[PDB]
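What follows is a single chain, given as structure tokens, in the form deposited in one PDB entry.
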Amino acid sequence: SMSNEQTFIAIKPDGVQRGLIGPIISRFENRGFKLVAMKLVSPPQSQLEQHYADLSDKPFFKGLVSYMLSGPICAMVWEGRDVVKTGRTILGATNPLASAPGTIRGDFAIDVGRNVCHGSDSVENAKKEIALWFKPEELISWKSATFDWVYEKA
């Protein structure tokens, strides 16, 4: 609906390790979405446990957390119309085996446990994830010079 919808996109440690920071940003940049926040971080274990709190009672929870601590993460907020859903489409199917070539995982990933990136799955979860990963002042307010060539209305 509105062109100021926001989503959280993270490049996971394997994405950073395999040199995919540049290509992943370009996918979102070229599509017309606006980068409003970005930082390279090695977040503390508590933040990762809170991020994955829905999986806390799962037997893989401990190893998943320790894996996400194993290298830096490129955390980002992207803004645009339907950016949450279209963002997931750009990333491709969560399991790369189900993903389509032309998407990030369909071009770059194989294992679901090494699926290079994450994107919020809903507007509500995006708001939660943005608040968990960013301070409010880390979101930069700006307007793209080509806004009116990307969008027909607000």
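Rigid core (definition): largest C-alpha set, two forms, superposition within 1.5 Å. Start at 1 and count along the sequence shown; that's the residue number.
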Segment of higher mean CA temperature factor, 56 to 64 or 98 to 106: 56 to 64
Which of 34 to 42 and 47 to 55 has higher mean CA B factor, as the PDB entry lists it: 47 to 55
Candidate set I140, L132, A145, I9 [ranked by C-alpha B-factor, highest]: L132
Ranked against its chain, the third holding the CA B-factor of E29: lowest
Lowest, middle or highest third - CA B-factor, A126: highest
Within-chain third of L69 by Cα B-factor, per the entry: highest
Third of the chain, ranked by Cα B-factor, where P136 sits: highest
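As for the form solved in complex with a small molecule, it is not shown, yet the points below apply to it.
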Contact assignment for the small molecule in the deposited bound form, among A100, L40, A53, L64, heavy atom within 4.5 Å: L64
Sole residue of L35, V123, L69, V112 within 4.5 Å of the small molecule in the deposited bound form, by heavy atom: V112
Close approach of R88 to the small molecule in the deposited bound form, 4.5 Å, heavy atom: yes
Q47: touches the small molecule in the deposited bound form, heavy atom cutoff 4.5 angstroms: no
Site test, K12, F60 and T94 vs the small molecule in the deposited bound form, non-hydrogen atom cutoff 4.5 Å: yes
Out of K127, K39, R31, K58, the residue that alone shifts its CA by 2 Å or more between this form and the one not shown when the rigid core is the reference: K58
